[PDB]
Structures are given as structure tokens and as C-alpha cells.
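Some notes on the structure that comes next.
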Amino acid sequence: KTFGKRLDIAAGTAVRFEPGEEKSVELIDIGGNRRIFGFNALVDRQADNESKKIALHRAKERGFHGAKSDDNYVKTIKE
Amino acid sequence: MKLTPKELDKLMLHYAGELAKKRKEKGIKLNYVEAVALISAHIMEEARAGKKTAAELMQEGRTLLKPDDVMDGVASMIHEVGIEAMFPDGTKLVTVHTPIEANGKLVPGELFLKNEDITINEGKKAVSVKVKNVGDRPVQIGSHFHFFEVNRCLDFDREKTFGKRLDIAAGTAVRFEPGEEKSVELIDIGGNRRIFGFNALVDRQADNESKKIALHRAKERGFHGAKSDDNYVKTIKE
Amino acid sequence: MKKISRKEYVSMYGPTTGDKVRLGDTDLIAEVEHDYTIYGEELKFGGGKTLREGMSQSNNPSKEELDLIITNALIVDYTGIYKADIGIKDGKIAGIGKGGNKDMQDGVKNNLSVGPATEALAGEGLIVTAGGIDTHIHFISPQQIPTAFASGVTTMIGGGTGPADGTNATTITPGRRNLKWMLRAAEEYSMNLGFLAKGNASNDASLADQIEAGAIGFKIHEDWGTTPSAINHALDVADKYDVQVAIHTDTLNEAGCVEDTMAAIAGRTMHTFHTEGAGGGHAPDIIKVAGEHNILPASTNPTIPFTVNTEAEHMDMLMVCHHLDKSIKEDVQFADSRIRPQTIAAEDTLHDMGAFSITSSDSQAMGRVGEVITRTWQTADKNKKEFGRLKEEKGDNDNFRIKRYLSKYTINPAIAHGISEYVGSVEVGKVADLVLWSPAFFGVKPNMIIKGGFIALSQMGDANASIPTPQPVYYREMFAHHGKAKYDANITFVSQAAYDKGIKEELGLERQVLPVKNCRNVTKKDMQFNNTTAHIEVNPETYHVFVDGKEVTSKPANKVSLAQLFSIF
Ligand code: NI
Ligand code: NI
């Protein structure tokens, strides 16, 4: 649900999470050309509903909580 | 008679031999060269006549000079005499081993090492490991080879061997006959402990964390004893 | 073959073998391990002294005739704390031993021959040591250089472009353009310089140009986004170009924790800054990183040594570094969960155990560019107090410990950034960056700083007086600090790539220019004395720092050596 989005807050600031703490952040879509590159190496492309598949897949294998699961993932020719 | 430089080499050697034989004949203890030549020169003719075989000359050469024929030291010096001659079947390498013996007390460059023993790989806590060759072919692993990455046939606990080498004389190795089972000795790799190459399992720093990857890859690559993928959490680089 | 009494001898030639010297006002005792002289043939300059025509000075010198001799010098270097004559030729350490005139002296190698061309510099009674090498410099203001220089620091490796925010937060000179500027600016100064690039980028292309543009390496700073991607990218290119890489761990832990960062480094060589934590990084763990092989641990500066006022100090600093405006909520929460008196404490101990290897500064960014060397020593004196001598110590002295704390700002940082071949220790062949220390002021106030085999700055008095001794006596620039001379005595380091591409000519650099090398092949074990590896942990709760199992924590001090005893401020 968060693919291609950033904490809808004052440009610059941030959100803190104490070990254990639970909250509901606010997050709008990334503007501009929506070209995600870097961070955790999950996207490194254009924020696409299809690029998404890959991110979701990688995060699964990389262990990020909430990264759904690999329901028989069909690999692509580039990823 | 198109004479090949190889042939001249011999024609020269031959007579180097003739002098030799001609000298002891006149009753003189042969020296290093003289012996060597003689021995060699012989085989060359013997191969010529096409009678004796390689296997034979290799042995018969040991009967050409008695320990009382050569000078004191000569015997020890000639560890062996290698010489290729042309047999009817083609040129062959007749290697004559230790043609003479210590009928003397002198031994040039002899070694006076001081008894005692050297301890290999000082303070390096070793470890034993069961190792059985479940393959049809034999396998010799070396001194400084990352054991963990040995042939995907030597079944054993790769995990316990990560970043270690057969605690043995620098250079030598261990052999495994198809089927054979043993418990090798293997200490940790010293230096910076930077494994790179071999089977491409590590290619990094010997880390308990790098280990995870090696163990994972070996699993997928099929090396026996490479535990299993208990829901492997992939990293950002591997 | 008459014989004299040590009493005399020493006041004449200086502490000889078996003799011990007290480093400054600290309880650190040094002991002369060896001596290359020939009692009766020692070199002395003066009125009717020895260094004179046909005498100690050969009228038939060797075709190696020394440029300058530092007579009877007590050498305290990671290679030993011994006695001998140090010779200089062509801006380098030409020889280290006896030397004099073979025509009248028993054991003088043409390596150390004294001739009409060699100047004389007395050294008996003093302690000669290589120049320090602060490698965590934030080029905020050109005024640091001179200050750091007055310390005993001849080499400064950092990043930056002046009092700009990016620089105030991180030691990074971003891009090849800004790179040009600084390299061109560097020309001005008297202090070897090397600049770091923005490792913060997942753009391989953009990452390689900076190195081809003179940078001796990269820097991954939190304020720029120390993400595993950036971290990985930077690292790889760094490999290809055989250059060093520094890092300032992801504090906010947004991308992940040290687990992740370490996982990113993929075992590759990495020089970590303020590893301890206060300087910045993965809260709270991080410091635990200093226990891994592939890591080049380094300590910041303020959190060293550990005194009663340390913790009370840091609370601010964070603001004036990460733009942590004193007000915002999110800001006023982590800044507090980072200055752990815990990690701060163990540090000192970690430094004693060899857990830490380098002592940076972070000039103008949570660190005193003029207090690296001083603190390194205090921290030593301190540890000795609370823990006493060391197990590895031999004889009634602290030599081993000395050689440990010393190579923390000399040979170990030099290796950290592939420049150990030229500088970083008093060994024949290297660049003659030396500093003479008057025992009483060791570790705080040096007598003179000779750069590239020629005096660049030293203690000087009333320029009008009849002698150089009379007050006011502060540091004054010396000849090798001016004219074209400066150009000959300094080295602005860069990468091979750049070196080969002719960055020197490219940018019209008149300064000496060498390339950094052997940076990817090194590991923690490559750190002199401070080469100890050991799986360490840090309780997320108590925050207590554990190593190998046991717990390490130094006790805060209420006073320190090398302080108020020497400076009016
Ligand atoms: Ni920093
Ligand atoms: Ni910094």
C-alpha cells in the first residue's frame, strides 16, 4: 500500500518509531517523474504498478516485514 | 644428412661418453660428468641397436658402474640420470635412478640438519572433521585451499569448515579415494582472512555473516554437507 | 678510553639506552630501547664542538652528502623508541643511525655522511616523532590548517568546501568542480592535503568521476543519505579505483540497522568514523562495528578522554552539525538518544585494548582540530592510571602502550588512506615530515614542525631580539612555509586515475602530487598494535558495551594531563 509514497509532512522533517510503538502514518505519492533510485535497492526504476511487483518480491526475499509473499512469482527478463 | 641440432647434441654427448669409458679403462676413478655421460651414452647405443626396451635400460643402467669405479662423492651426486634415446618405436625417456652407491664416506653438499622437530602452524587450534568421498572419482585437496569450498563430493560439515585449511605441511595435500572416509585436520586461515576465488562461494572477508552466504550458495550449488535453506533472508549484496 | 657518568652524558647527548623519559606531565613512561651511536663519537654542533671542517664534517663526503642532520634524537615511533641520528636529503629521511665523517668516525655509512652541504640541527634531549595525520577533517575554514599544524599534524585528510552547510555536517567535497577549487586552494597551505568525495550516490558514473577528479576516496554521510544502496555503490567503485572509503552510519535507522550497513559493506574495507556513537551513527549498536575484521575503527575527538563534563557538553553540538534546529520534535528525541555515557566510556578502554585504531578530530564538527594528539595521549595516561601498565608491556616502562597510542594518529591513519609509503612514521625512505618534541611539553606543544625535510614552522621569539629565545614566544611560520618553497615541501594526495590522467598539469598544481594506493587490500589486522578483533555487543536496554563476553567501561575523570598546565586558554 506504500509503494511509491512519502510521509505527507513538512518537507524535511520526519517520523519516529520507538521499539514497539505503533502508529498510522500519512503518506502521499511521490511527485516529479516518480523515478525511484537507491534507498534499499528495491526499485531503482520508474514507480510502475509493474515495477512494484519486483519491489514487493525483493522485499520478501530481503525480509522486510509486511512484504506480502511470493505466490509463485513469475520472473522477468530484467531485475 | 640433414643433421638436426638435436642430433649434434648427441654426437657430442656420445663421445663425451667414449672419453669416459676410455678413461676408467685405463684405470681411473670416474667423476660426476664422466659417470653421467658414460651412463647416458650407453643407453643411446642400446636404444639404437633396438634390442633392449625402455623399461629395461632404465634398470640395466644401474649395472654399468660399480661403487669402486667412480670417485668418492660421485655416487651421492648422481641422484639419477635422465636420457632420451631413439627406440625403433620412437624417442623415449630412459630415466636411470641411482646408478651407483655410497661405497665412500664423502658426500658433497651433505646436510647436517640439527635433529628435532618443527611445529607447523604454531598455536592454531585444529579441528577434526568427518569426510567421505561420495563420488566415483578421487579428490586431492591442498594445504592452503579453502576447505569449505572443496569438490561438491566430499560430504562433511561445510559449516564447521568455513574459513579453514588442512592443518598440514605447507604445500602437501590429502587424498580421498571414491568411497574413502576420513577426519581431516583443519586450522583457520590466517593473514587478513580474505577469501577470493576457489569456487566463488565467499569472495570476501571470512565473516560469520559472510558465512551465511557461502552456506547458502553451496546449498544451491549442490555441495554435500551444505546444510539447508531454512527460509534464507537475502542481503543487498551477494 | 676514559669514561663519563650518565648524569653528564645525558645532559650532553640525551637519554641513552636503559634511560627513561616521562611524556609531558602524564604518568606515561618511555624507555630508550636502543641506541645507534658510538660513545665518544656522537655528533655535537657548536663553538668548538664536533660538527666542523675535516672533523665530524667530512672534507671528502659521500656522494650522498646529507642535507640536514638531526643529532642525537630520541625517536618515538611505532617502530621503536630508540636513540640515533636522523638524516635528511632531498626532502626525505635519507638515513637513521650514526653518521658523521668516515674520515674520522668508525661507523658512518655513506647514507649518513656529513659534509659542507649538510646543515646541523641539534636534537639531543628532544623527542623526534613523525607528523600526525588527522583524517577526519571538515574543511570548514582554512584557519584550521595552521592550528592543526601547531599541534604536530602534518597531514589532513578530509572533505569539504568551506563554511557551507554540506561541509559543516560532512567531510565531503562534492563533485569534480568543487574538487578543482579545493585542490587549487590547497596550494596555499602548509599541510599535506587529500580530499574525499560524496560516496552518497547510487550513480556509479557520478561516483567514478570524483575520483578521476583528484579525490582520494569517498565519504558516506548520514546527512546525505547513508543508505545500503549508496553504501554499496560507493564501495564497489572504491574497489575498482583502489581508494579508501569513510562512513557515518545511518543513525535514524530508517533504512535499517548496523546489521544492514555491515551487510552492505559486504566485508569490504571500510574506515568508520566516530565509531563510538556520539560522533554519530546507528544508535545504539554501531560501536560494535569496531570489533569486525573488515572495519577500520576510528574515534571522534570530544568524547575523548572521558571526563565529568564530556556528556554535559555534547547535548548541543548535534544541533550545529545536522541542522537539528533546537526546537523540532523529531529532532529533540534522537539527539538525546545518542550521547550514551555508556558507549562514551568503553571507548577509552576500547582504545586501550586495540579495539579502536584511529583518532580523528572532525574539525569544527564535534571535534577539536588542535586536540587530536593531545587527547590521544591524555586518554593513554588516563587508562594507565585506572588499569595500570599492560600485559604486553616489558621492562619498567610503558613503551608498548606508547607505541599503541602513537600509531593511532600516525602509521594507522596513513595506512587507512593508502599513503603509508610516503608518510606516517620515522622510517628511511619516507617523506621527511617530522616534529621535534621537548619532553616536558610532549603531546601538546611541539618545538618545531619540519615539512618535507625543511622547517615550515617553529616556536619563535621576539623577531627583533639578539636571540630566538626571548618572548613573546609563539609559533611563527618558517621559510619552508613561503614562496615557491611551500610548493616543494607539500603533497596534495589524489588517486591513481587522476594522477595518471595528469590532474597535476590539468589543474596547474605546483605542489608535489602523489597517488594513494593499497586501500582495498587492508583490514583491521593491518592496524599497528591496534589490530584486535573481537565480537562485541551492546545491550539495547542498559546500552552496556560488551566484548568477547566481559564488559568494558572506563571511569569518568575529573582532571586530565596535558591541560591547564600549558595553555593560558
Ligand atoms: Ni561525522
Ligand atoms: Ni564528521
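Simple scheme: letters A, B, ... for chains in C-alpha cells order, numbers from 1 for residues in each chain, numbers from 1 for ligands in the order shown.
Interface residues of chain C facing chain A, defined by any atom at most 7 Å away and using only C-alpha atoms, are residues 202, 227, 228, 229, 230, 255 and 330 of chain C.
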Counting only C-alpha atoms and all ligand atoms, what are the residues, protein, DNA or RNA alike, that approach ligand 1 to within 12 Å? I want them as a PyMOL selection string. chain C and resi 135-138+158-159+166-172+219-224+226+246-251+272-281+298-301+317-318+320-322+360-367
Output the contact residues of chain C with respect to chain B at a cut-off of 9 Å, based on only C-alpha atoms, as a PyMOL selection string. chain C and resi 228-229+232+260+263-268+292-294+521-526
Okay, now the selection with N, CA and C atoms, as an mmCIF file, in the first residue's frame?
data_model
loop_
_atom_site.group_PDB
_atom_site.id
_atom_site.type_symbol
_atom_site.label_atom_id
_atom_site.label_comp_id
_atom_site.auth_asym_id
_atom_site.auth_seq_id
_atom_site.Cartn_x
_atom_site.Cartn_y
_atom_site.Cartn_z
ATOM 1 N N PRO C 228 21.880 1.645 2.220
ATOM 2 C CA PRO C 228 22.620 0.490 1.718
ATOM 3 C C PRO C 228 22.943 0.613 0.245
ATOM 4 N N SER C 229 22.058 1.215 -0.536
ATOM 5 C CA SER C 229 22.362 1.370 -1.954
ATOM 6 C C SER C 229 23.597 2.222 -2.113
ATOM 7 N N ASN C 232 26.596 0.535 -0.941
ATOM 8 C CA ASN C 232 27.108 -0.499 -1.816
ATOM 9 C C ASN C 232 27.785 0.098 -3.019
ATOM 10 N N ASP C 260 22.380 -4.260 8.733
ATOM 11 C CA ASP C 260 22.208 -3.947 7.326
ATOM 12 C C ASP C 260 23.405 -3.246 6.735
ATOM 13 N N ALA C 263 26.138 -5.489 6.424
ATOM 14 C CA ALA C 263 25.757 -6.394 5.358
ATOM 15 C C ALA C 263 26.002 -5.771 4.028
ATOM 16 N N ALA C 264 25.896 -4.448 3.993
ATOM 17 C CA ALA C 264 26.134 -3.698 2.769
ATOM 18 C C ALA C 264 27.612 -3.647 2.466
ATOM 19 N N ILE C 265 28.394 -3.283 3.476
ATOM 20 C CA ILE C 265 29.827 -3.219 3.296
ATOM 21 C C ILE C 265 30.338 -4.513 2.719
ATOM 22 N N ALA C 266 29.498 -5.534 2.786
ATOM 23 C CA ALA C 266 29.838 -6.835 2.248
ATOM 24 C C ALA C 266 31.235 -7.279 2.553
ATOM 25 N N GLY C 267 31.740 -6.907 3.725
ATOM 26 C CA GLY C 267 33.074 -7.331 4.119
ATOM 27 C C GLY C 267 34.200 -6.493 3.571
ATOM 28 N N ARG C 268 33.864 -5.606 2.647
ATOM 29 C CA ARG C 268 34.848 -4.731 2.048
ATOM 30 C C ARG C 268 35.466 -3.810 3.071
ATOM 31 N N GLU C 292 34.784 -5.811 14.204
ATOM 32 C CA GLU C 292 34.859 -6.615 12.995
ATOM 33 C C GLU C 292 36.144 -6.433 12.216
ATOM 34 N N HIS C 293 36.570 -7.495 11.536
ATOM 35 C CA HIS C 293 37.805 -7.502 10.749
ATOM 36 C C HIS C 293 37.880 -6.463 9.657
ATOM 37 N N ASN C 294 36.938 -6.515 8.724
ATOM 38 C CA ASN C 294 36.937 -5.595 7.596
ATOM 39 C C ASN C 294 36.813 -4.127 7.932
ATOM 40 N N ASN C 521 43.065 -3.683 -0.084
ATOM 41 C CA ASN C 521 43.690 -4.898 0.402
ATOM 42 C C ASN C 521 43.914 -4.924 1.907
ATOM 43 N N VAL C 522 43.619 -3.816 2.587
ATOM 44 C CA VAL C 522 43.834 -3.746 4.031
ATOM 45 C C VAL C 522 42.634 -4.080 4.870
ATOM 46 N N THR C 523 42.905 -4.500 6.107
ATOM 47 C CA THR C 523 41.868 -4.845 7.082
ATOM 48 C C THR C 523 42.272 -4.441 8.461
ATOM 49 N N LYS C 524 41.392 -4.674 9.425
ATOM 50 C CA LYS C 524 41.688 -4.323 10.803
ATOM 51 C C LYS C 524 43.017 -4.866 11.267
ATOM 52 N N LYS C 525 43.361 -6.055 10.800
ATOM 53 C CA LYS C 525 44.622 -6.654 11.197
ATOM 54 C C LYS C 525 45.814 -5.865 10.699
ATOM 55 N N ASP C 526 45.564 -4.925 9.793
ATOM 56 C CA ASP C 526 46.617 -4.083 9.236
ATOM 57 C C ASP C 526 46.905 -2.861 10.086
#
So which residues touch residue 378 in chain C within 12 Å, counting only C-alpha atoms, skipping near sequence neighbours fewer than 4 positions away, as JSON, numbers by chain? {"C": [23, 24, 25, 26, 27, 28, 301, 304, 305, 306, 307, 348, 351, 352, 371, 372, 373, 374, 382, 383, 384, 385, 402, 405, 406, 442, 443, 444, 557, 559, 560, 561, 562, 563]}
Atoms to include: N, CA, C and O atoms. Write the selected residues as a compact mmCIF listing (two decimals), in the first residue's frame.
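Saved result, part21.txt, follows:
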# COMPACT_ATOMS: atom_id res chain seq x y z
N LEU C 23 56.66 11.26 29.44
CA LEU C 23 55.99 12.05 28.43
C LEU C 23 55.17 13.15 29.04
O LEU C 23 54.18 12.90 29.73
N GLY C 24 55.60 14.39 28.82
CA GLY C 24 54.90 15.54 29.37
C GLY C 24 54.64 15.36 30.85
O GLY C 24 55.47 14.79 31.56
N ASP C 25 53.48 15.84 31.31
CA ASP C 25 53.11 15.70 32.72
C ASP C 25 52.29 14.45 32.99
O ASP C 25 51.72 14.29 34.07
N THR C 26 52.22 13.57 32.00
CA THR C 26 51.48 12.33 32.14
C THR C 26 52.30 11.29 32.83
O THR C 26 53.52 11.40 32.88
N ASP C 27 51.64 10.26 33.35
CA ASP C 27 52.34 9.18 34.03
C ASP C 27 52.83 8.12 33.06
O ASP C 27 53.15 7.00 33.44
N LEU C 28 52.88 8.50 31.79
CA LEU C 28 53.37 7.62 30.74
C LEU C 28 54.87 7.65 30.65
O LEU C 28 55.46 8.67 30.29
N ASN C 301 36.63 12.60 18.82
CA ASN C 301 37.54 13.54 19.47
C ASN C 301 37.05 14.07 20.82
O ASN C 301 37.67 13.82 21.86
N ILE C 304 36.65 12.10 24.14
CA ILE C 304 37.95 11.56 24.48
C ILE C 304 38.89 12.63 24.98
O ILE C 304 39.12 13.63 24.31
N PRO C 305 39.44 12.44 26.20
CA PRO C 305 39.19 11.29 27.07
C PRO C 305 37.87 11.46 27.76
O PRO C 305 37.13 12.41 27.50
N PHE C 306 37.55 10.54 28.67
CA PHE C 306 36.28 10.61 29.38
C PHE C 306 36.33 11.36 30.70
O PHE C 306 36.80 10.82 31.71
N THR C 307 35.85 12.60 30.68
CA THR C 307 35.81 13.44 31.88
C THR C 307 34.41 13.73 32.34
O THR C 307 33.44 13.43 31.64
N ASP C 348 37.49 4.67 25.59
CA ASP C 348 38.83 4.74 26.16
C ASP C 348 39.42 3.36 26.33
O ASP C 348 40.54 3.09 25.92
N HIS C 351 40.07 1.75 23.19
CA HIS C 351 41.30 2.31 22.66
C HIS C 351 42.48 1.67 23.29
O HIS C 351 43.54 1.55 22.68
N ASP C 352 42.34 1.25 24.53
CA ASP C 352 43.45 0.60 25.18
C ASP C 352 43.62 -0.82 24.72
O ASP C 352 44.74 -1.29 24.54
N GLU C 371 43.29 19.35 18.98
CA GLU C 371 43.38 18.50 20.16
C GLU C 371 43.39 17.01 19.90
O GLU C 371 43.08 16.22 20.79
N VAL C 372 43.75 16.61 18.69
CA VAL C 372 43.84 15.18 18.40
C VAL C 372 44.95 14.52 19.18
O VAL C 372 44.72 13.65 20.02
N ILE C 373 46.18 14.95 18.89
CA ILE C 373 47.36 14.41 19.54
C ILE C 373 47.29 14.51 21.04
O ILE C 373 47.58 13.54 21.74
N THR C 374 46.93 15.69 21.55
CA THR C 374 46.83 15.87 22.99
C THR C 374 45.94 14.81 23.63
O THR C 374 46.40 14.02 24.47
N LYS C 382 45.47 8.42 31.20
CA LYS C 382 44.30 8.05 31.98
C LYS C 382 44.20 6.57 32.15
O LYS C 382 44.32 6.06 33.26
N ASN C 383 43.99 5.87 31.05
CA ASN C 383 43.88 4.43 31.07
C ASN C 383 44.94 3.78 31.92
O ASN C 383 44.65 2.85 32.66
N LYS C 384 46.17 4.28 31.83
CA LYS C 384 47.22 3.69 32.64
C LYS C 384 46.89 3.82 34.08
O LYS C 384 47.04 2.89 34.86
N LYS C 385 46.44 5.01 34.46
CA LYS C 385 46.05 5.26 35.83
C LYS C 385 45.12 4.19 36.33
O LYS C 385 45.46 3.41 37.22
N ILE C 402 52.67 3.16 24.65
CA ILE C 402 53.03 4.37 23.92
C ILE C 402 52.89 4.14 22.42
O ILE C 402 52.13 4.81 21.72
N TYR C 405 49.21 4.09 21.30
CA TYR C 405 48.51 5.36 21.19
C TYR C 405 49.09 6.27 20.13
O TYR C 405 48.37 7.09 19.55
N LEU C 406 50.39 6.11 19.87
CA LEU C 406 51.09 6.91 18.88
C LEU C 406 50.69 6.60 17.48
O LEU C 406 50.34 7.49 16.71
N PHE C 442 55.66 17.34 25.57
CA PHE C 442 55.19 16.28 24.68
C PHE C 442 53.68 16.22 24.61
O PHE C 442 52.99 16.62 25.54
N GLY C 443 53.16 15.72 23.49
CA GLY C 443 51.73 15.59 23.33
C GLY C 443 50.87 16.85 23.38
O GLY C 443 49.64 16.73 23.43
N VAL C 444 51.47 18.04 23.35
CA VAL C 444 50.68 19.27 23.38
C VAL C 444 51.32 20.48 22.77
O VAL C 444 50.66 21.25 22.08
N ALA C 557 36.74 10.88 34.31
CA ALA C 557 37.79 11.59 35.01
C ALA C 557 37.36 12.96 35.46
O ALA C 557 36.42 13.52 34.91
N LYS C 559 39.87 15.36 36.03
CA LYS C 559 41.05 16.16 35.67
C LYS C 559 41.90 15.40 34.66
O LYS C 559 41.90 14.16 34.67
N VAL C 560 42.62 16.09 33.79
CA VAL C 560 43.44 15.39 32.79
C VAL C 560 44.80 15.99 32.58
O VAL C 560 44.99 17.19 32.74
N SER C 561 45.75 15.16 32.21
CA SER C 561 47.09 15.67 31.96
C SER C 561 47.12 16.53 30.69
O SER C 561 46.11 16.65 29.99
N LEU C 562 48.27 17.14 30.40
CA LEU C 562 48.41 17.95 29.20
C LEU C 562 47.33 19.02 29.03
O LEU C 562 46.90 19.30 27.91
N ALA C 563 46.90 19.63 30.13
CA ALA C 563 45.87 20.64 30.01
C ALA C 563 46.28 21.99 30.53
O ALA C 563 47.30 22.54 30.08
Provide as a ChimeraX atom specification the residues of chain A at most 7 Å from chain B, counting only C-alpha atoms. /A:61-63
Now that the selection is made, can you save its residues with N, CA and C atoms as an mmCIF file, in the first residue's frame?
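File again-v4.cif, as written:
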data_model
loop_
_atom_site.group_PDB
_atom_site.id
_atom_site.type_symbol
_atom_site.label_atom_id
_atom_site.label_comp_id
_atom_site.auth_asym_id
_atom_site.auth_seq_id
_atom_site.Cartn_x
_atom_site.Cartn_y
_atom_site.Cartn_z
ATOM 1 N N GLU A 61 12.127 -11.472 -0.142
ATOM 2 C CA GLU A 61 13.362 -12.233 -0.025
ATOM 3 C C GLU A 61 14.370 -11.580 0.885
ATOM 4 N N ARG A 62 14.311 -10.253 0.953
ATOM 5 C CA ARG A 62 15.217 -9.478 1.786
ATOM 6 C C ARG A 62 14.745 -9.363 3.216
ATOM 7 N N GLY A 63 13.506 -9.776 3.456
ATOM 8 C CA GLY A 63 12.981 -9.780 4.810
ATOM 9 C C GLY A 63 12.235 -8.604 5.403
#
Have a look at CA of residue 78 in chain C and CA of residue 475 in chain C and let me know their distance in Å, one decimal.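 CA of residue 475 in chain C lies at a distance of 27.1 Å from CA of residue 78 in chain C.
Proximity of C:21, C:435, C:38, C:369 to ligand 2, computed with only C-alpha atoms and all ligand atoms, is greatest for C:369.
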